[PDB]
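>>> This one's a deposited entry, sequence included:
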Amino acid sequence: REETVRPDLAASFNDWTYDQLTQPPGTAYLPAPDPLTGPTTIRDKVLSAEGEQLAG
Amino acid sequence: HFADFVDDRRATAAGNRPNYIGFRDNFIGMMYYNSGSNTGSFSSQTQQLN
């Protein structure tokens, strides 16, 4: 079992940096979309200005 | 109550006015309709939608 100790963890013993550690899983960075392009953002500014009061 | 009060034997008596006290027609005024300061609310749960 000690034949497979992956010998660059033992070189930086107690000095491990980020690429030698198991990270929690997660996707990459996708940018947040425009909140103007939301499905009900502009139409709430248009249907109310026609005279309606909206709720729901 | 009374209708005339001169001396303690010489008074007269009339019945009081009839006063009926009951609820309104169709229960008007039981419920705050069109009072904005305290409105009722019909909404689903996830209740951000009065």
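Perfect, thanks for sending it. Residues are numbered from 1 along each chain as shown, chains lettered A, B, ... in the order given.
>>> hey, let's count contacts and neighbours off CA atoms from now on
Noted.
>>> In contact with the most centrally placed residue in chain A, which residues?
Closest residue to the average C-alpha location of chain A: residue A:29 at 5.8 Å, with C-alpha atoms, centre = their mean. Under the criterion of C-alpha atoms under 8 Å, 6 or more residues apart in numbering or on different chains, residue A:29 has no neighbours.
>>> Just to be sure, it is in a strand?
No - going by DSSP: H, G, I helix; E, B strand; the rest coil, the assignment for residue A:29 is coil, not a strand.
>>> closest point of chain B to chain A, which residue?
Closest residue of chain B to chain A, C-alpha to the nearest C-alpha: residue B:49 (5.1 Å).
>>> what about that residue, which SS state?
coil.
>>> Hmm, it is touching residue B:43, no?
Yes - using C-alpha atoms under 8 Å, residue B:49 is in contact with residue B:43, at 5.8 Å.
>>> What parts of chain B come near chain A?
Applying C-alpha under 8 Å from any C-alpha of the partner chain, one finds that chain B approaches chain A through B:48, B:49, B:50.
>>> Helices along chain A, start to end?
Under the criterion DSSP state H, chain A contains helices at A:42-47.
>>> which ones are touching the residue of chain B closest to chain A?
A:55, A:56, B:43.
>>> How about it: what's its closest non-neighbour residue?
Leaving aside its sequence neighbours, residue B:49 sits nearest to residue A:56 (C-alpha to C-alpha, 6 or more residues apart in numbering or on different chains; 5.1 Å).
>>> what's the spacing between that neighbour and residue A:41?
Plainly put, residue A:56 is 13 Å away from residue A:41 if you go by C-alpha to C-alpha, to the nearest Å.
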